[PDB]
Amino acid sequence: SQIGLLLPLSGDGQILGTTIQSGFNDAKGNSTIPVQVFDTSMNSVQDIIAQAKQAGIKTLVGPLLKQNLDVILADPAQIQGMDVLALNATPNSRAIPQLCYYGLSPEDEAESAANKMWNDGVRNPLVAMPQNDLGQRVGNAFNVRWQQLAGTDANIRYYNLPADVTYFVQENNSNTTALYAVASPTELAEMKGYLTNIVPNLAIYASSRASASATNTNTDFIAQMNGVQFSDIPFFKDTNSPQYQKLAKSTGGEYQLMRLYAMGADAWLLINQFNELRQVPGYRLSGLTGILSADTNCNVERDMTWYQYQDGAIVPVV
C-alpha cells in the first residue's frame, strides 16, 4: 500500500543515499505505490519509524548506514507489524521476523569466488585478505563456503603489504595454484608483479574492488592484469546502451556510484517480492546486482558475474 524509504540524503552519506534513491525511483517508474522519503541525516531512526507508523506505513526500505541499523538491532520491537528491508548487513546477526537485509557486501563476493574457484577445479587456494576487521570478515565468508564445497578449510592469510602475498606462496609447499585476493586495483597489480618471478602461471581471482574506472582505462594496467578474473555486478555486462552511457556520464564514470544505483533498483525489486523472499525456499531473483536469494536469517545473498582482463580488454567470462 505505502513504502517509507530511509536513506541519508544530506550530510555524510548523501552521495550514497541520493544515488540509491535514483536507482530506486527509476525502477519504481510509474508505480501507484506511494513512497514517503525519510532523510536519516535529519531525523533519528527511532523518530522516523514513529512518523512512518503514524502515517500508516507498514513497509520500509532502509536504513543504510551501519549506525542506523544498530538502532533497530538494539530494539527490534519498534518495527513489529512492519516489513523492513534494511540496506545493510552483518556477517553474524540474528533472525528478526519481517526484517530482511540487503547489502552489497564483500562477503557476497567472497562466497562467489569460492564457488567459482571450486567449479574451475582449483584446490588448496591461497586466500589473501587485508589484515583488518573487514579482511577477517570476508576471509571467514570465503572459508565457510569453501568448507561446504571442499570439505576442508581454506588457506586464509592476512597481508599488510602486497609483497606479503609472495611470502605466503614461498612459505607453503610448491603447490599453490590459485589466489583469491581482496585489494585495491593498484595493490592487486603490485601483488601480481611480485608473483611473476615466483609463480608466473598463478590463477588470480579478485573482487570488484579490483575494478575501478581510473585503472580500467589505463592500457598498462590492463596489460599487467592480463588473466586476472574478478567478480562484479551483471549490470556491467552490456555498456553500449544510451541508458548506460547516460548513467556513466552522470556518475563521472565511477563504478562505485553505478553499483549503488543498481542497488537502489534491486531494492525496489526486492521490496515488492518481500513475502516471497521470506517464504519460498530456494527463491531467486535476477537483479542488476546479481542473482539474489535469501538465507535462513533473510540476509540477501548475491551470485556474482565474472569478468576477466584479456588481451587489452575486459570481457565477461564464458
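Don't overthink the numbering: it's just position in the shown sequence, from 1.
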| item | value |
| --- | --- |
| Mean Cα B-factor comparison, 215-223 or 154-162, giving the higher one as deposited | 215-223 |
| Given 228-236 and 189-197, the range whose Cα B-factors average higher in the PDB entry | 189-197 |
| Deposited CA B-factor, highest of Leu126, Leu202, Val144, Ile96 | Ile96 |
| C-alpha B-factor winner, where the candidates are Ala181, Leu87, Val138, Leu73 | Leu73 |
| Third of chain Cα B-factors occupied by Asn173 | highest |
| Chain-wide C-alpha B factor ranking for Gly264, given as lowest, middle or highest third | lowest |
| Chain thirds of CA B-factor: placement of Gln256 | lowest |
| Third of the chain, ranked by Cα B-factor, where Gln310 sits | highest |
| Position of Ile20 among the chain's modelled residues by C-alpha B-factor, lowest, middle or highest third | lowest |
